[PDB]
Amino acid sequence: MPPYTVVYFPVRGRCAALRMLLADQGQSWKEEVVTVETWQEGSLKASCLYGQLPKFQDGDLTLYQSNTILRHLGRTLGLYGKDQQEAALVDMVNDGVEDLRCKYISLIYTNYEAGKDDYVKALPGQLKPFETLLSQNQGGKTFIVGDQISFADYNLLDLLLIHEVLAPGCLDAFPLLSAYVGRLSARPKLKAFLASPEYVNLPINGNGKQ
């Protein structure tokens, strides 16, 4: 059996990026799906460290927290910079991605109707830092940090993909980010995964909003 198991709801959500990472890196894993019904029964939830999913298994190592899973795979698969300095820049990018993801999640689940207009208006100011990072790294022609892909690339890519669904054309103001999405999305193993039923037939979020 595969050494990796992803335990999650039937959504892309906070597992989209780590799945893209595993697929693009040619790693095999198992998906264990948790229905809302099973979740509401409460026993799985009570057994989760912080009462939430995803849960991730790497052999007998059990992890929670999506960014913990990303960093773990980043370490073990060599997607965490070429040295200690790059590692810090990778973290700086991912923490930035996480900050915006939290705001996105808040909009989706708690304030979509009333909050969307304001959110989209504020969105360019939130995306600009990643354009800036790209512009300062080899003219934005490679990756978000250095000249090799990192776990932060997969997370940023997901963030950008879901925001294009939320606010179509939001990357028209950001040529480097736009080219970056096209470029990474064209990586053969990743392109195949993104096109597959395994990815396409899951909703982005759990409440039907996107």
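Note that residue numbering begins at 1 and tracks the sequence as displayed.
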Exercise for the section: Report the stretch with the higher mean CA temperature factor, choosing between 108 to 116 and 122 to 130 on the basis of the entry. Expected result: 108 to 116
Practice task
May I ask you to compare 92 to 100 and 79 to 87 by their mean CA B factor in the entry and name the higher one?
Solution key: 79 to 87
Fill in the blank from the handout: Looking only at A167, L63, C48, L161, the Cα with the top B-factor belongs to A167
Fill in the blank from the handout: Residue set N67, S185, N155, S28, per-entry CA B-factor max assigned to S28
Practice task
Please rank the C-alpha B-factors of the chain's modelled residues and tell me whether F174 sits in the lowest, middle or highest third.
Solution key: middle
Completion exercise
In terms of its chain's C-alpha B-factors, the third that includes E32 is the middle
Handout entry: Relative C-alpha B-factor of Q52, binned into the chain's lowest, middle or highest third
Key = lowest
Practice task
Please place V181 in the lowest, middle or highest third of its chain by C-alpha B factor as given in the entry.
Solution key: lowest
